[PDB]
>>> print(open('work09.cif').read())   # mmCIF, C-alpha atoms and all ligand atoms
data_structure
#
loop_
_atom_site.label_atom_id
_atom_site.label_comp_id
_atom_site.auth_asym_id
_atom_site.auth_seq_id
_atom_site.Cartn_x
_atom_site.Cartn_y
_atom_site.Cartn_z
CA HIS A 3 -9.14 15.38 20.27
CA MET A 4 -5.49 14.78 19.35
CA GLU A 5 -2.21 14.83 21.13
CA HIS A 6 -0.10 17.51 19.46
CA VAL A 7 3.03 15.33 19.06
CA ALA A 8 4.87 15.02 15.75
CA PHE A 9 6.40 11.81 14.48
CA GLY A 10 10.16 11.96 14.93
CA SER A 11 10.12 14.59 17.67
CA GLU A 12 13.35 14.62 19.68
CA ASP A 13 11.66 14.21 23.10
CA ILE A 14 8.86 11.87 21.96
CA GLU A 15 9.67 9.33 24.70
CA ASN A 16 9.14 12.01 27.37
CA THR A 17 5.86 13.29 25.85
CA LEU A 18 4.39 9.78 25.46
CA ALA A 19 5.35 8.62 28.99
CA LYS A 20 2.16 10.37 30.36
CA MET A 21 -0.28 8.73 27.90
CA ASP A 22 -2.75 6.01 28.65
CA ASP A 23 -4.52 4.04 25.84
CA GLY A 24 -7.02 6.84 25.00
CA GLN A 25 -4.20 9.42 24.77
CA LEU A 26 -2.09 7.06 22.60
CA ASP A 27 -5.16 6.76 20.33
CA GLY A 28 -4.96 10.59 19.92
CA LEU A 29 -1.65 10.41 18.04
CA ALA A 30 -1.40 11.17 14.30
CA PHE A 31 0.98 8.22 13.83
CA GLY A 32 0.97 4.56 14.72
CA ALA A 33 2.46 3.71 18.09
CA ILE A 34 3.35 0.25 19.36
CA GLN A 35 5.10 -0.49 22.64
CA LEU A 36 7.07 -3.75 22.80
CA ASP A 37 8.95 -5.43 25.61
CA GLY A 38 12.57 -6.45 25.00
CA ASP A 39 11.46 -9.79 23.48
CA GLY A 40 9.04 -8.08 21.07
CA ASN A 41 5.80 -8.81 22.94
CA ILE A 42 3.16 -6.16 22.31
CA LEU A 43 2.34 -4.09 25.42
CA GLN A 44 0.45 -1.18 23.77
CA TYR A 45 -0.92 -0.58 20.29
CA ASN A 46 -2.87 2.48 19.16
CA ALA A 47 -5.76 3.21 16.82
CA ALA A 48 -3.62 4.87 14.12
CA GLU A 49 -1.49 1.71 13.85
CA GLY A 50 -4.64 -0.42 13.56
CA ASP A 51 -5.79 1.82 10.69
CA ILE A 52 -2.41 1.42 8.92
CA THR A 53 -2.29 -2.40 9.33
CA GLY A 54 -5.93 -3.50 9.69
CA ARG A 55 -5.23 -5.31 12.99
CA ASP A 56 -7.49 -4.77 16.01
CA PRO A 57 -5.46 -2.89 18.64
CA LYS A 58 -7.17 -4.82 21.46
CA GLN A 59 -6.47 -8.29 19.97
CA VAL A 60 -2.74 -7.84 19.25
CA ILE A 61 -1.78 -7.02 22.87
CA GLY A 62 0.25 -9.92 24.26
CA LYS A 63 1.25 -11.35 20.85
CA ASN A 64 4.91 -11.44 19.86
CA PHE A 65 5.62 -8.98 17.06
CA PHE A 66 8.45 -10.97 15.42
CA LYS A 67 7.20 -14.54 15.94
CA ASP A 68 3.42 -14.09 15.64
CA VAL A 69 1.92 -11.02 13.98
CA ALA A 70 4.74 -9.45 11.92
CA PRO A 71 6.93 -12.19 10.40
CA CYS A 72 7.86 -9.80 7.60
CA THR A 73 9.83 -7.83 10.25
CA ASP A 74 11.73 -10.95 11.41
CA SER A 75 14.84 -9.90 9.46
CA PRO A 76 18.18 -8.20 10.14
CA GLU A 77 16.79 -4.91 8.79
CA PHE A 78 14.01 -4.68 11.40
CA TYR A 79 14.22 -7.24 14.23
CA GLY A 80 18.02 -7.12 14.02
CA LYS A 81 18.05 -3.34 14.57
CA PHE A 82 15.47 -3.67 17.39
CA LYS A 83 17.37 -6.29 19.38
CA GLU A 84 20.69 -4.39 18.96
CA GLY A 85 19.06 -1.26 20.47
CA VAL A 86 17.45 -3.29 23.29
CA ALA A 87 20.89 -4.71 24.12
CA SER A 88 22.61 -1.24 24.11
CA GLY A 89 19.83 0.42 26.19
CA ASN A 90 19.75 3.38 23.70
CA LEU A 91 17.41 2.22 20.88
CA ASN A 92 16.81 5.14 18.48
CA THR A 93 16.67 4.24 14.81
CA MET A 94 14.46 5.35 11.93
CA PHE A 95 14.07 3.65 8.54
CA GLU A 96 11.51 2.89 5.85
CA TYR A 97 10.10 -0.61 5.53
CA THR A 98 7.31 -2.50 3.74
CA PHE A 99 4.59 -4.40 5.59
CA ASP A 100 3.28 -7.23 3.44
CA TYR A 101 2.03 -10.13 5.62
CA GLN A 102 -1.59 -11.03 4.76
CA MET A 103 -2.18 -7.42 3.65
CA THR A 104 -1.70 -5.13 0.68
CA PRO A 105 2.00 -4.20 0.76
CA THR A 106 2.25 -0.85 2.54
CA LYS A 107 5.43 1.19 2.85
CA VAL A 108 5.98 2.99 6.14
CA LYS A 109 8.54 5.06 7.98
CA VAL A 110 9.43 3.30 11.25
CA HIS A 111 11.00 4.99 14.29
CA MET A 112 12.07 2.65 17.08
CA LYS A 113 13.02 4.40 20.34
CA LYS A 114 13.56 3.21 23.90
CA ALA A 115 10.64 4.08 26.24
CA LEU A 116 11.25 5.56 29.67
CA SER A 117 9.31 2.60 31.28
CA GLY A 118 11.39 -0.52 32.11
CA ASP A 119 11.64 -3.24 29.46
CA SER A 120 9.59 -1.05 27.06
CA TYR A 121 10.45 0.08 23.49
CA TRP A 122 8.40 2.21 21.11
CA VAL A 123 7.82 1.50 17.44
CA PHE A 124 6.30 4.57 15.75
CA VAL A 125 4.85 4.29 12.26
CA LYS A 126 3.57 6.51 9.47
CA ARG A 127 2.81 6.00 5.79
CA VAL A 128 5.19 6.96 2.97
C1 LIG N 201 4.96 -7.97 8.40
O1 LIG N 201 4.73 -9.17 8.65
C2 LIG N 201 4.32 -6.85 9.03
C3 LIG N 201 3.28 -7.04 9.85
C4 LIG N 201 2.69 -6.04 10.75
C5 LIG N 201 3.16 -4.76 10.80
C6 LIG N 201 2.65 -3.85 11.71
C7 LIG N 201 1.73 -4.20 12.66
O2 LIG N 201 1.28 -3.32 13.54
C8 LIG N 201 1.35 -5.51 12.65
BR1 LIG N 201 0.21 -6.15 14.09
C9 LIG N 201 1.81 -6.44 11.71
#
>>> encode(input="work09.cif", output="structure tokens", more="lines below")
Ligand SMILES: *C(=O)/C=C/c1ccc(O)c(Br)c1
Amino acid sequence: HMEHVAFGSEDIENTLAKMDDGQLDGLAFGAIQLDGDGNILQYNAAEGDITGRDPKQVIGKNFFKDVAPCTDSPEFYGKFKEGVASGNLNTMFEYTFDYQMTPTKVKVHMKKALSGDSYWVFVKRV
């Protein structure tokens, strides 16, 4: 009932290109797909369990402006938009999520998706 994909795997963008919503919900880690502006295209069940948000409700919201203002910073949004601009986004770092929630530290892996104007944000607890 799970997709046997590890967080941080070198070819994660190839493995996840085949997955619809149900398959994304089979991952062990949170998975968000953003467009280049930060609008949420996809959001899986594991991420909803980490953050408390409803994966169906967040689609179409802007990550940086709307749902995740704590990521509107050089250390998160800044890294994202630099990787969008280069066309080779691939950066991993720890971060704390603290907006209208118990502060929760995560490991974040942002990586360009194979789909046009699409960027993954992968998430697990630390
Ligand atoms: C800080 O504001 C973090 C907010 C947050 C992190 C992760 C997800 O998935 C959401 Br919808 C919000």
>>> closest_residue(input="work09.cif", among="A:107, A:3, A:55, A:20", to="ligand LIG 201 (chain N)", atoms="only C-alpha atoms and all ligand atoms")
A:55
>>> atom_distance(input="work09.cif", atom1="CA of residue 39 in chain A", atom2="CA of residue 59 in chain A")
18.3 Å
>>> residues_around(input="work09.cif", residues="residue 30 in chain A", least_positions_apart="5", cutoff="12 Å", atoms="all atoms listed in the file", output="mmCIF file with C-alpha atoms, in the coordinates of the input")
data_model
loop_
_atom_site.group_PDB
_atom_site.id
_atom_site.type_symbol
_atom_site.label_atom_id
_atom_site.label_comp_id
_atom_site.auth_asym_id
_atom_site.auth_seq_id
_atom_site.Cartn_x
_atom_site.Cartn_y
_atom_site.Cartn_z
ATOM 1 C CA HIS A 3 -9.140 15.380 20.270
ATOM 2 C CA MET A 4 -5.490 14.780 19.350
ATOM 3 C CA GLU A 5 -2.210 14.830 21.130
ATOM 4 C CA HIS A 6 -0.100 17.510 19.460
ATOM 5 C CA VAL A 7 3.030 15.330 19.060
ATOM 6 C CA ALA A 8 4.870 15.020 15.750
ATOM 7 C CA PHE A 9 6.400 11.810 14.480
ATOM 8 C CA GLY A 10 10.160 11.960 14.930
ATOM 9 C CA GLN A 25 -4.200 9.420 24.770
ATOM 10 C CA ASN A 46 -2.870 2.480 19.160
ATOM 11 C CA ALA A 47 -5.760 3.210 16.820
ATOM 12 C CA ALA A 48 -3.620 4.870 14.120
ATOM 13 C CA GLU A 49 -1.490 1.710 13.850
ATOM 14 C CA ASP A 51 -5.790 1.820 10.690
ATOM 15 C CA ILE A 52 -2.410 1.420 8.920
ATOM 16 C CA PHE A 124 6.300 4.570 15.750
ATOM 17 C CA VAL A 125 4.850 4.290 12.260
ATOM 18 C CA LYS A 126 3.570 6.510 9.470
ATOM 19 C CA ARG A 127 2.810 6.000 5.790
#
>>> atom_distance(input="work09.cif", atom1="CA of residue 11 in chain A", atom2="CA of residue 44 in chain A")
19.5 Å
>>> closest_atom_pairs(input="work09.cif", of="chain A", to="ligand LIG 201 (chain N)", cutoff="10 Å", atoms="all atoms listed in the file", output="Markdown table")
| residue | atom | partner | partner_atom | distance |
| --- | --- | --- | --- | --- |
| A:32 | CA | N:LIG201 | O2 | 8.0 |
| A:33 | CA | N:LIG201 | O2 | 8.5 |
| A:34 | CA | N:LIG201 | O2 | 7.1 |
| A:42 | CA | N:LIG201 | BR1 | 8.7 |
| A:45 | CA | N:LIG201 | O2 | 7.6 |
| A:46 | CA | N:LIG201 | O2 | 9.1 |
| A:48 | CA | N:LIG201 | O2 | 9.6 |
| A:49 | CA | N:LIG201 | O2 | 5.8 |
| A:50 | CA | N:LIG201 | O2 | 6.6 |
| A:51 | CA | N:LIG201 | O2 | 9.2 |
| A:52 | CA | N:LIG201 | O2 | 7.6 |
| A:53 | CA | N:LIG201 | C7 | 5.5 |
| A:54 | CA | N:LIG201 | BR1 | 8.0 |
| A:55 | CA | N:LIG201 | BR1 | 5.6 |
| A:56 | CA | N:LIG201 | BR1 | 8.1 |
| A:57 | CA | N:LIG201 | BR1 | 8.0 |
| A:59 | CA | N:LIG201 | BR1 | 9.2 |
| A:60 | CA | N:LIG201 | BR1 | 6.2 |
| A:61 | CA | N:LIG201 | BR1 | 9.0 |
| A:63 | CA | N:LIG201 | BR1 | 8.6 |
| A:64 | CA | N:LIG201 | BR1 | 9.1 |
| A:65 | CA | N:LIG201 | BR1 | 6.8 |
| A:66 | CA | N:LIG201 | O1 | 7.9 |
| A:67 | CA | N:LIG201 | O1 | 9.4 |
| A:68 | CA | N:LIG201 | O1 | 8.6 |
| A:69 | CA | N:LIG201 | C9 | 5.1 |
| A:70 | CA | N:LIG201 | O1 | 3.3 |
| A:71 | CA | N:LIG201 | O1 | 4.1 |
| A:72 | CA | N:LIG201 | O1 | 3.4 |
| A:73 | CA | N:LIG201 | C1 | 5.2 |
| A:74 | CA | N:LIG201 | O1 | 7.7 |
| A:97 | CA | N:LIG201 | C2 | 9.2 |
| A:98 | CA | N:LIG201 | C2 | 7.5 |
| A:99 | CA | N:LIG201 | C2 | 4.2 |
| A:100 | CA | N:LIG201 | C1 | 5.3 |
| A:101 | CA | N:LIG201 | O1 | 4.2 |
| A:102 | CA | N:LIG201 | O1 | 7.7 |
| A:103 | CA | N:LIG201 | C3 | 8.3 |
| A:105 | CA | N:LIG201 | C2 | 9.0 |
| A:106 | CA | N:LIG201 | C2 | 9.1 |
| A:108 | CA | N:LIG201 | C6 | 9.4 |
| A:110 | CA | N:LIG201 | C6 | 9.9 |
| A:123 | CA | N:LIG201 | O2 | 9.0 |
| A:124 | CA | N:LIG201 | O2 | 9.6 |
| A:125 | CA | N:LIG201 | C6 | 8.4 |
>>> axis_aligned_box(input="work09.cif", around="range 23-37 of chain A", padding_each_side="6 Å", output="lines of an AutoDock Vina configuration file")
center_x = 1.0
center_y = 2.9
center_z = 19.8
size_x = 28.0
size_y = 28.6
size_z = 24.0
>>> closest_residue(input="work09.cif", among="A:31, A:24, A:16, A:86", to="residue 120 in chain A", atoms="all atoms listed in the file")
A:86
>>> atom_distance(input="work09.cif", atom1="CA of residue 113 in chain A", atom2="CA of residue 76 in chain A")
17.0 Å
>>> closest_residue(input="work09.cif", among="A:112, A:87, A:128, A:21", to="residue 38 in chain A", atoms="all atoms listed in the file")
A:87
>>> residues_around(input="work09.cif", residues="residue 12 in chain A", least_positions_apart="6", cutoff="12 Å", atoms="all atoms listed in the file", output="count of residues only")
5
>>> closest_residue(input="work09.cif", among="A:23, A:28, A:89, A:78", to="residue 117 in chain A", atoms="only C-alpha atoms")
A:89
>>> closest_residue(input="work09.cif", among="A:82, A:95, A:26, A:114", to="residue 40 in chain A", atoms="only C-alpha atoms")
A:82
>>> closest_residue(input="work09.cif", among="A:62, A:22, A:104, A:77", to="residue 37 in chain A", atoms="all atoms listed in the file")
A:62
>>> build_atoms(input="work09.cif", residues="range 3-21 of chain A", atoms="N, CA, C and O atoms", output="short mmCIF file (atom, residue, chain, number, x, y, z; two decimals), keeping the file's coordinate frame")
data_model
loop_
_atom_site.label_atom_id
_atom_site.label_comp_id
_atom_site.auth_asym_id
_atom_site.auth_seq_id
_atom_site.Cartn_x
_atom_site.Cartn_y
_atom_site.Cartn_z
N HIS A 3 -8.94 16.85 20.14
CA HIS A 3 -9.14 15.38 20.27
C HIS A 3 -7.86 14.65 19.89
O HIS A 3 -7.89 13.42 19.77
N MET A 4 -6.77 15.39 19.69
CA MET A 4 -5.49 14.78 19.35
C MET A 4 -4.44 15.29 20.29
O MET A 4 -4.54 16.37 20.82
N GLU A 5 -3.44 14.47 20.42
CA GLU A 5 -2.21 14.83 21.13
C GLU A 5 -1.31 15.49 20.11
O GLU A 5 -0.97 14.88 19.11
N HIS A 6 -0.88 16.69 20.41
CA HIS A 6 -0.10 17.51 19.46
C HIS A 6 1.38 17.14 19.54
O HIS A 6 2.19 17.91 20.05
N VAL A 7 1.67 15.95 19.05
CA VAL A 7 3.03 15.33 19.06
C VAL A 7 3.34 14.96 17.62
O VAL A 7 2.53 14.22 17.04
N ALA A 8 4.46 15.40 17.10
CA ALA A 8 4.87 15.02 15.75
C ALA A 8 5.71 13.75 15.77
O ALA A 8 6.57 13.56 16.65
N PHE A 9 5.49 12.92 14.78
CA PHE A 9 6.40 11.81 14.48
C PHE A 9 7.82 12.34 14.41
O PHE A 9 8.06 13.39 13.80
N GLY A 10 8.74 11.63 15.04
CA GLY A 10 10.16 11.96 14.93
C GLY A 10 10.60 13.04 15.88
O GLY A 10 11.78 13.43 15.81
N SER A 11 9.73 13.51 16.76
CA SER A 11 10.12 14.59 17.67
C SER A 11 11.21 14.11 18.63
O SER A 11 11.26 12.95 19.06
N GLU A 12 12.11 15.01 18.96
CA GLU A 12 13.35 14.62 19.68
C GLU A 12 13.06 14.09 21.08
O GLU A 12 13.84 13.26 21.58
N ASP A 13 12.00 14.57 21.70
CA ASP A 13 11.66 14.21 23.10
C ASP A 13 10.38 13.38 23.14
O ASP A 13 9.71 13.35 24.17
N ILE A 14 10.11 12.64 22.07
CA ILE A 14 8.86 11.87 21.96
C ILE A 14 8.69 10.91 23.14
O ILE A 14 7.53 10.71 23.58
N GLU A 15 9.78 10.32 23.60
CA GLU A 15 9.67 9.33 24.70
C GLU A 15 9.23 10.02 25.99
O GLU A 15 8.56 9.40 26.83
N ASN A 16 9.60 11.28 26.18
CA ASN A 16 9.14 12.01 27.37
C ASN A 16 7.66 12.36 27.22
O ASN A 16 6.88 12.19 28.16
N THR A 17 7.25 12.86 26.06
CA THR A 17 5.86 13.29 25.85
C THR A 17 4.90 12.09 25.97
O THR A 17 3.81 12.23 26.52
N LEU A 18 5.30 10.94 25.46
CA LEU A 18 4.39 9.78 25.46
C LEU A 18 4.41 9.04 26.78
O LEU A 18 3.52 8.21 26.98
N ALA A 19 5.34 9.32 27.68
CA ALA A 19 5.35 8.62 28.99
C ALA A 19 4.05 8.90 29.79
O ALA A 19 3.68 8.05 30.62
N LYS A 20 3.35 10.01 29.55
CA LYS A 20 2.16 10.37 30.36
C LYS A 20 0.90 9.68 29.82
O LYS A 20 -0.12 9.74 30.53
N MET A 21 0.95 9.07 28.64
CA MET A 21 -0.28 8.73 27.90
C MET A 21 -0.82 7.34 28.26
O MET A 21 -0.08 6.33 28.20
#
